[PDB]
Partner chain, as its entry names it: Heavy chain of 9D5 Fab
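Taking the form deposited without the partner chain, here's one chain by itself in structure tokens.
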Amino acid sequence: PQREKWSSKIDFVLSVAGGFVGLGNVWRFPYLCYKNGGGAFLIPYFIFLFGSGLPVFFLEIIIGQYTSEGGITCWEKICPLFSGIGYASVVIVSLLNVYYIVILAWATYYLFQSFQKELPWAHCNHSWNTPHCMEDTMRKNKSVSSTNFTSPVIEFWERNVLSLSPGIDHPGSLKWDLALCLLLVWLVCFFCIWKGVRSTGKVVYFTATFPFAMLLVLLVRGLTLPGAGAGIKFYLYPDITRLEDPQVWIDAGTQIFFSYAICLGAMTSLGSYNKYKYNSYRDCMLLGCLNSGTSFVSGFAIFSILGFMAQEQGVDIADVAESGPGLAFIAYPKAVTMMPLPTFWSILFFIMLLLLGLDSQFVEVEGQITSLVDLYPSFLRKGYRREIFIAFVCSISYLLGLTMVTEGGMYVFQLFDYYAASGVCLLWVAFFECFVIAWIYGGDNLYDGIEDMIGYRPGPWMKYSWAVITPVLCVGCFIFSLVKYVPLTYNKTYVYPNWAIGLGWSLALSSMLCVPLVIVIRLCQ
């Protein structure tokens, strides 16, 4: 009928391979682990992984396969009254795309700036450089006032790319080059969606192999760098005392729900095209193992780079980097300078970032569009109308993202990254999914359908995880965060005014309130 299906299982595998693999495995994980002490981030990370990450991902895949519907419509046949989880997921992904494409815009700016003989961030002698700047090579000299010194890479990222304002209360003026880069990326996405240009043919081999080969050579270079042992020890060995703060637990619980693309309506859409009699269990387990291994292995390379930088700069590891949403843009551009012929490797690395980010970008944008289409199949899922819908959505998203390319858009970006598609809202959605599935629908009723589909009956390692481990963890993290409140501080120094915190809380509540509002609306009818 109108609903189409995958031509072969290889399409599903290659779709998921780019959909939850991208910037969240090599960009968000490093500074999230770096800010929260280091090794202490891993214990709650693995606990949340084996407690809810694979279980909820597999549950979403099974609901998609068993319902043959999108993010919003599956809950209509699962539990009509507890609908609104799909609406919250759509809100989360809509707010996520806006600031997710800004990273791609920064990558495009870096790639365009890479097209000359000398990389601009290698040295600091330009107009934007402070008199405080000097090269990292000579920073450790006893002659060279050891607190006000700064590295060329940090100054470049702070002024040339960002032009950081004193605070969110001074937006400044708009930057036109960043707006052009954002428009270019949005045009590329629109052309890749409108004409259906995708990874179909022999190009999939390159599209899948090249990022992993680049990651492997990056890891080899990082592990070869001196001072990597200190970075590895910082990354692995935990601190027991830091475990008493809710921030580490809530960051670890959010990396599992973010990198795996959970609670945003993409996995159910991807599983909606699968075959009824298809063994999704083994494929889902293998893909989850691949994703977790990707995050874990990229952590080794990036923390070895951080350890080398801390060793060369003469300072400690915890105060050698930006420790915010832009740690990768200091860590990796510093790494590509050591490799022979730096320009070629820089171009390759930025193309690799663009590829990993874009395939996911397309995945979640298409998931959002399909979820919206499933609500109105008559007025959408059409020709020119479906074109103008995507065009209007892209234009609105570009206009909204224009607010983060000004001189004071870094604070807005950090606020979005903390309150938009992560934190309390993700725990809210995951709890309300696992609770309903385990208690109202029934965990034993789903095993019968699973046996009908995959052929055999799985074990109880997941029926208990959907019913006990996940709700307890979600409620505990929520209560612990509420009891001990610590305000957000960008780069440990900036103090956000009360109105900014209220704006962030309103951003989070816009997604959180969907469930109670839908419940009361349905009960009123």
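Think of the rigid core as the biggest set of C-alphas that the two forms share within 1.5 Å after superposition. Residue numbers count along the first chain shown, from 1.
Modelled in this chain, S304 is likewise resolved in all the other entries of the protein that span it on both sides, not missing from even a third of them. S146 is a gap in at least a third of the other entries compared, counting only those with both neighbours built. Per the record, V144 and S145 are separated by 4 to 9 deposited residues that have no coordinates.
One more form of this protein should be noted, the form solved in complex with the partner chain, which is absent from this view; the next part is about it.
Only one of 159 to 167, 117 to 125, 351 to 359, 274 to 282 places residue heavy atoms within 4.5 angstroms of the partner chain in the deposited bound form, namely 274 to 282.
Only one of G455, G201, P80, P377 comes within 4.5 Å of the partner chain in the deposited bound form through a heavy atom, and that residue is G455. Of the residues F57, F29, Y496, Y66, just one reaches the partner chain in the deposited bound form with a heavy atom at 4.5 Å or closer; this is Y66. Fitting the two forms on the rigid core leaves the C-alpha of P458 displaced by at least 2 angstroms between this form and the one not shown.
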